[PDB]
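# Structural description and commentary
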Amino acid sequence: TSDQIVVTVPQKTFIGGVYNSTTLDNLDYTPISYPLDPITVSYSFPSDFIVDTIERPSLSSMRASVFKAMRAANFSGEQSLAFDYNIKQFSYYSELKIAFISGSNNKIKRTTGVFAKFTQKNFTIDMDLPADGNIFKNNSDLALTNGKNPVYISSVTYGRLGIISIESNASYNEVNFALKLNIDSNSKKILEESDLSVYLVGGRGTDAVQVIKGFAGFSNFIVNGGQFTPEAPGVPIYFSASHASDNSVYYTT
Amino acid sequence: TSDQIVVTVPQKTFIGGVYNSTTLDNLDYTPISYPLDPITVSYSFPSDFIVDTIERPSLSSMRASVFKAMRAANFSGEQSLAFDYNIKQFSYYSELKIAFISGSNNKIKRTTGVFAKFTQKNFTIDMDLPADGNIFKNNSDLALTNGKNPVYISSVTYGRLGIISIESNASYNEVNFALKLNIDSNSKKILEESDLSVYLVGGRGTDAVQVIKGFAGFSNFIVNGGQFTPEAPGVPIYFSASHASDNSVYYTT
Amino acid sequence: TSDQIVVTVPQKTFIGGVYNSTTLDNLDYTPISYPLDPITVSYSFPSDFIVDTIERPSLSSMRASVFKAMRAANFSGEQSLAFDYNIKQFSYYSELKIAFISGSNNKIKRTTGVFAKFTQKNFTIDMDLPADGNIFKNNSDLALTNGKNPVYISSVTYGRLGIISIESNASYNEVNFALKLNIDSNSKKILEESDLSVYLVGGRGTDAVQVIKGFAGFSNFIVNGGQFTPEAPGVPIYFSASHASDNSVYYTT
Ligand SMILES: [Ca+2]
Ligand SMILES: [Ca+2]
Ligand SMILES: [Ca+2]
């Protein structure tokens, strides 16, 4: 059970949207088309337009409200909300130098791997609890959707994601043999393999495209985007939903 | 099952278009010619014209709306949406130096290969869920197309694609023989093969045509187009569709 | 039993909110939708707007009040409230140099680990005890929620959190053998592993993203954010709640 759900359908992941719990669990996202009361939304970052109101919860309305809030006066993206980092570096080595009519066998093995995951939560837009205690305007739709598990998203997190994975393998198989008749034999085998997989969600495009240069771009893509600017608001990465019956926190498995 | 479908028919891949699920699965794209309510579209990038409305969903209307939105004020292509990178480098080696009336056999084998795939998602245009709960204007066309599996595209992703593949093979087959009668024999064979296949979708043309110079053009074509400009909006690369019955997310196999 | 509860649901963690004790204990946070009298809130930091009043306790109202209070005149973030630091450094070492037809065995083992936890409490917003002795406006809701364990949050702590953990392992397994017949044998094995996990809550984004450079960023992220500025108000990290029956301090297990 988790409180925050990773955004998988950006189109349907907007604040104030009502869905079925089962559909949200299996990534179907079947909406519940019923009227809803106007919702009050608040932003984690300090701004003049920190408390907005949306009559009809929709993706376009949420995007427009975020745009206006982050372009308003007294806006500061200087402080973020969360920053998780994790790196795992590993490096094996192997060397055999068997020697002995003559004979030699030199084997060298190398295996290097760096795996890095990073997430940053620039800010979140949160939804206020209804004054009437029910999100629905008619207040009878709650009884109408009995068995449909009405659950509405109440928080959307804007931030950046980044995953990198660099692997490398090296093999050396020198073999020498002499029978000084002057029979001679040599066998050299060098095998080199490399891999580098990157997955970035959001952030500055110029710094994002520089991660192709090994573990150097994925060292400035992070340090050049710590403060989120209104030109780079971030991407919805996580969201939280709550039950529509008792307004309790919805937990998914 | 996947949520995002790679664009194969750019003519028929426009937001607000209704097709049959089977036809979209087998790339037939048979349209459903029925009236539709005006659709609200939102853009992922920050701009003044971030929330547009289209009365008649069409490719020309979508293109014009994208053009106006990206030429509007307070537009920033500084932040992208996604960036996937993957590279695989491999290099074999083989060397035989058999020696022994005389005789020598020197065999050299080399095989190098670099495969790289990159995708960038500059932005997406998303469609709002209908207020009435049905995309059709008459609301009876939904029952009219029973058995036709009505599915409408609700999201179009603009970005760039790039695939490169460089292969190289080298062979050396020196053979010497002497019988010092002064019989002598020599056999030299050098075989070199090369291959380089590039496939780019979108991006700056000047940087795109420079990828012909090995793995150097496909190192600046990426780093010189991280920020998408209104002169280079990007190409529709992925799109998402939803069912017209329950407005649920459509998954294709 | 503890007096301060770590914030797990930022959406529901606002001052003046009434919840059930069991739901707050199991992180369900089921609200009690009943009218409440206007609440008086005070801020720990010195400011002109140090005593505010909120008619309807909500997250948006709390955020707006904090924004106005910290943007008011005579505001000083120079003095903080609490600062907890804890570091644990450990480093093992092992070295074997067994020697002996010949033979040698050199084994080297290293294991280093630094674990650091830091918390800073910039300020808190506290709630005054009701004049009537009951938070509810009607004064009968207290008897209405008998068995529901009415508990309301009365204090929210804004500050920063930081956890780092760096681990490293090194292994060396040199083995030599000679039988001077000139049989020779050598076996070298070097294994290096590294790990670095960081978790930051709040603080300056620019300093937060620099913690990726070992235990150097998590040495300036702390010293460059001691004084909290109105551009960096901090993040709600801890909160305290009290019973609604006798206005006593609520303790959770
Ligand atoms: Ca209502
Ligand atoms: Ca309709
Ligand atoms: Ca009272």
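Residues numbered from 1 in each chain as written, not as in the entry; some residues may be left out. Chains lettered and ligands numbered in written order. Part of a larger assembly, values for the part shown. Heavy atoms only, no water. Residues with missing side-chain atoms left out of burial classes, pairs and counts.

Per the PDB record, the structure was determined using cryo-EM to 2.87 Å resolution.

## Some points on the overall build of chain A
Under the convention used in this document: Here a helix means four or more residues in a row that DSSP labels H or I, a strand means two or more in a row labelled E, and each is numbered from the N terminus. The quantity called the radius of gyration is restricted to C-alpha atoms. Its globule counterpart is 2.2 Å times the number of residues to the power 0.38.
Assigned secondary structure in chain A consists of 5 helices and 10 strands. In terms of overall dimensions, chain A is more spread out than a globule: its C-alpha atoms have a radius of gyration of 28 Å, far above the 18 Å expected for 253 residues. Overall size of chain A, expressed as C-alpha extent along the three principal axes, is 100 × 45 × 20 Å.

## Regarding the packing of aromatic side chains
Applied cut-off: The pairing test for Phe, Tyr and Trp rings, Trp by its six-membered ring, is centres within 6.5 Å, and the orientation test on the planes gives stacked under 30 degrees, edge-to-face over 60, and tilted for anything in between. Between buried and exposed lies partly exposed: a residue is buried under 20% and exposed over 50% of the maximum accessible area for its type, with that area taken using a 1.4 Å probe on protein chains only. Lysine NZ or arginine CZ positioned within 6 Å of the ring centre and within 35 degrees of the ring normal marks a charge as sitting over the ring.
All told, the structure shown has 48 aromatic pairs over all chains when counted by the stated rule. Here the aromatic rings of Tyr43 of chain A and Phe45 of chain A are separated by 5.3 Å at their centres, their planes lie at 50°, and the arrangement is tilted. Taken as a pair, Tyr43 of chain A and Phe45 of chain A share a single burial class, namely buried. Members of the aromatic cluster, connected to one another through ring pairs, are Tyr43, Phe45, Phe75, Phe123, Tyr158 and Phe228 of chain A. If you follow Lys121 of chain A out to its NZ or CZ, it ends over the ring of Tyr238 of chain A, 4.6 Å from the centre. Seen from the ring of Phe221 of chain B, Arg160 of chain B lies directly overhead, with NZ or CZ sitting 5.0 Å from the centre.

## Considering unusual backbone geometry
Note on backbone geometry: most residues besides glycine have negative phi, and most peptide bonds are trans. All names here are of chain C. Despite not being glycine, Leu27 has its phi angle at roughly 65°, a positive value. Summarising the element assignment, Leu27 is placed in the loop between helix 1 (21-25) and strand 3 (39-43). For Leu27, a relative accessible area of 33% gives the class partly exposed. Here the phi dihedral of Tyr29 falls at roughly 55°; this positive angle occurs in a residue that is not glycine. Along the chain, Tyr29 turns up in the loop between helix 1 and strand 3.

## A word on the coordination of the calcium ion (ligand 2)
Reference values for coordination geometry: four tetrahedral donors around a metal ideally subtend 109.5 degrees, six octahedral donors ideally subtend 90 or 180 degrees. Applicable threshold: Any N, O or S atom lying within 2.8 Å of the metal counts as a donor, and for Na, K and Ca the limit rises to 3.2 Å; water is left out, so some sites can look incomplete.
All of the protein donors around the calcium ion (ligand 2) are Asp37 of chain B (OD), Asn134 of chain B (O), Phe136 of chain B (O) and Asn139 of chain B (OD1); their distances to the metal are 2.5 to 2.9 Å. For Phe136 of chain B, a relative accessible area of 0% translates into the label buried.

## Things to note about the nonpolar core
Formally: For our purposes a nonpolar core is just a set of buried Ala, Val, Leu, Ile, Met, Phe, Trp, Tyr and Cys residues, chained together by side-chain atoms within 4.5 Å. Two residues form a contact once any of their heavy atoms are found within 4.5 Å.
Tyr85 of chain A together with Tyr85 of chain B are the most contacted members of the largest nonpolar core, which totals 47 residues. Setting aside residues up to four positions removed in sequence, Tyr85 of chain A forms contacts with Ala116, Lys117, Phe118, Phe215 and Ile222 of chain A together with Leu196, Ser197, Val198 and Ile212 of chain C.

## Details of the interface of chain A and chain B
Size of an interface, as often reported, equals the accessible area lost when the parts are brought together. As a reminder, the rule being used: Think of it as three bins: nonpolar holds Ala, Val, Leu, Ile, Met, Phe, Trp, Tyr, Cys and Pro, charged holds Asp, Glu, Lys and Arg, and polar takes everything else, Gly as well. Note on pairing: DSSP must find at least two bridges between two strands before they are called paired.
Counting residues at the interface gives 56 residues for chain A and 54 residues for chain B. Broken down by secondary-structure element, the contributors of at least two residues to the side of chain A that touches chain B are helix 2 (59-71), strand 8 (183-188), strand 9 (190-201) and helix 4 (205-208) of chain A. Here the side of chain A that touches chain B gets 12 residues from one element, more than from any other, and that element is strand 9 of chain A. Residue classes in the side of chain A that touches chain B are distributed as 25 nonpolar, 18 polar and 13 charged. Pairing geometry for strand 9 of chain A and strand 5 (residues 82-99) of chain B, over 10 bridges, is antiparallel. Bridge pairing in strand 5 of chain B links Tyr199 of chain A to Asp84 of chain B.

## Considering the pattern of salt bridges
Keep this limit in mind: In the sections that follow, a salt bridge refers to a side-chain nitrogen of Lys or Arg positioned within 4 Å of a carboxyl oxygen of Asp or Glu.
A complete count under the given rule lists 10 salt bridges over all chains for this structure. The salt bridge partner of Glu174 of chain A is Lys188 of chain A, with a shortest N-O separation of 3.9 Å. Owing to a relative accessible area of 19%, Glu174 of chain A belongs among the buried residues under this scheme. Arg204 of chain A is the partner of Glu78 of chain B in a salt bridge, and the nearest nitrogen-oxygen pair spans 2.2 Å. Of this pair, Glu78 of chain B sits in the loop between helix 2 (59-71) and strand 5 while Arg204 of chain A sits in the loop between strand 9 and helix 4, on two different chains. For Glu78 of chain B, a relative accessible area of 18% gives the class buried.

## So, the coordination of the calcium ion (ligand 3)
Within the protein, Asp37 of chain C (OD), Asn134 of chain C (O), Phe136 of chain C (O) and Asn139 of chain C (OD1) serve as the donor atoms for the calcium ion (ligand 3), at 2.5 to 2.9 Å. The same class applies to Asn134 of chain C and to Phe136 of chain C, which are both buried.

## Notes on the environment of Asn173 of chain B
All names here are of chain B. By secondary structure assignment, the location of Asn173 is in strand 7 (residues 150-179). For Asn173, a relative accessible area of 26% gives the class partly exposed. The spacing of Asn173 and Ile108 is 65 residues in sequence and 6.8 Å in space, taken between C-alpha atoms. If near-sequence neighbours (up to four positions away) are discounted, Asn173 is found in contact with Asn106, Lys107, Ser187, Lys188 and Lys189.

## A short note on the pairing of strand 8 (residues 183-188) of chain C
Sheet topology places strand 5 (residues 82-99) of chain A next to strand 8 of chain C; 3 bridges connect them, and they run antiparallel. Considered in strand 8 of chain C, the bridge of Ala99 of chain A is made with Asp184 of chain C. Pairing analysis gives 5 bridges linking strand 7 (residues 150-179) of chain C to strand 8 of chain C, with the strands arranged antiparallel. Looking at strand 8 of chain C, one finds that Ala178 of chain C is bridged to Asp184 of chain C.

## Quick word on the side chain of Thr124 of chain C
Residue and element names in this part refer to chain C. Here is the rule: Any pair of nitrogen or oxygen atoms within 3.5 Å is treated as a polar contact; in protein, a donor-acceptor pairing is required on top of that, and neighbouring residues in sequence qualify only through side-chain atoms on both sides.
Tracing the chain through its elements places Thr124 in strand 6 (residues 104-127). Separated by 2.7 Å, the side chains of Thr124 and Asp126 make a polar contact. Contact partners of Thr124, with chain neighbours within four places excluded, come to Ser42, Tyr43, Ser44, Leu81, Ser155, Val156 and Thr157.

## What to know about the interface of chain C and chain A
Taken together, the 56 residues of chain C in the interface contact 54 residues of chain A. Listed by contribution, the elements that provide at least two residues to the side of chain C that touches chain A are helix 2 (59-71), strand 8, strand 9 (190-201) and helix 4 (205-208) of chain C. Here the side of chain C that touches chain A takes 12 residues from strand 9 of chain C, the largest share from any one element. Split into classes, the residues belonging to the side of chain C that touches chain A amount to 25 nonpolar, 18 polar and 13 charged.

## Considering a nonpolar patch on the surface
Residue and element names in this part refer to chain B. This is how the line gets drawn: The residues that make up patches have over 30% relative accessible area and no salt bridge, and they are joined within 9 Å when like-charged or within 5 Å when they are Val, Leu, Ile, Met, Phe, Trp or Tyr. Surface accessibility in these figures is a Shrake-Rupley result with a 1.4 Å probe; residues are shielded only by whichever protein chains are displayed.
A surface patch of nonpolar side chains, amounting to about 480 Å² of accessible area, comprises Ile101, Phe177, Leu181 and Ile183. Within the fold, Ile183 resides in strand 8 (residues 183-187). The partly exposed category is assigned to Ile183, whose relative accessible area is 37%.

## Regarding the environment of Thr157 of chain A
Residue and element names in this part refer to chain A. On the secondary structure map, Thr157 appears in strand 7 (residues 150-179). Using a relative accessible area of 1% as the deciding quantity, one classes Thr157 as buried. As a C-alpha pair, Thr157 and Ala170 span 13 residues in sequence and 42 Å in three-dimensional space. The contacts of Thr157, once residues within four sequence positions are left out, are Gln4, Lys121, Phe123, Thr124, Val235, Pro236, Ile237, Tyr238 and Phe239.

## Remarks on the environment of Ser47 of chain B
Topologically, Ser47 of chain B is positioned in the loop between strand 3 (39-43) and strand 4 (51-54). With near-sequence residues (within four places) excluded, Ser47 of chain B lies in contact with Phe67 of chain A together with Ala69, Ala72, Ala73, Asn74 and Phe75 of chain B. A distance of 2.8 Å separates the side chain of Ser47 of chain B from the backbone oxygen of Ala69 of chain B, its partner in a polar contact.

## A short note on the pairing of strand 7 of chain C
All names here are of chain C. Where strand 2 (residues 18-20) lies against strand 7, 3 bridges are found, and the strand directions are antiparallel. Bridging from a neighbouring strand, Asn20 pairs with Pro150 of strand 7. Two elements, strand 7 and strand 10 (residues 235-243), share 8 bridges in a ladder whose sense is antiparallel. In the strand pairing of strand 10, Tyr158 is matched with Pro236. Strand direction decides the pairing type here: strand 7 and strand 9, joined by 12 bridges, are antiparallel. By the bridge assignment for strand 9, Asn169 is matched with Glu193.

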